[PDB]
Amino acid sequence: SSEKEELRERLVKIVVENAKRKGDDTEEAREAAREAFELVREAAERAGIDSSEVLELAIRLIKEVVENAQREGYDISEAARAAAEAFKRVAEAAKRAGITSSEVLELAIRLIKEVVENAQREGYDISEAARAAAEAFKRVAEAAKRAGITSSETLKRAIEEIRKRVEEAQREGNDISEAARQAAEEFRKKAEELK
């Protein structure tokens, strides 16, 4: 709250400084940061996951995507907005599936960051990559709920397997988004078989 205000101000300063660095419009950037913050905050609140720690992770996601946008030739404001929308999708999936585990949520956010960073390196669209990462989480989460899997270890291991397949695709020069989506479908098949 007083922490939420301070966190928002930290994000605004980050997004604006990055826009200034590359000559993107700073008034647009300030507005984008503010709107990105509110999007994240409201999504987390609705999902019952608005701990300071989850909000910090969401803001770190936005920060890292924005910093890599400055290095890789992406519009700063659009990058911030896309990162925020990706978190919102994670929060929505968590809500729908009843996920509140801090370790699971941290892994889901890390997966988005990794898939988006890869896309930025390669010159691909941020939103498309973020959609693939968030959808992989959604498919896992929904499969776990459907199967009655309550274990945080099982869900962490599912997301780690997605991360492992994404990393392998990076080492080998294969499609990261396809790796993520295939890994999630493999988990879904196993969850359904279980229950």
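Note that residue numbering follows the sequence shown and begins at 1.
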When the Cα temperature factors in the entry are averaged, is it 101 to 109 or 121 to 129 that ends up higher? 121 to 129
Averaged over C-alpha atoms, is the B-factor higher for 11 to 19 or for 181 to 189 in this PDB entry? 181 to 189
Highest CA temperature factor in the entry: which of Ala136, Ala69, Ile62, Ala169? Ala169
From the list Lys156, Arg165, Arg41, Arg30, select the residue with the highest C-alpha B factor recorded in the entry. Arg165
Splitting the chain's C-alpha B-factors into thirds, which one does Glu142 fall into? middle
Third of the chain's Cα B-factor distribution that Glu45 belongs to, per the entry: lowest
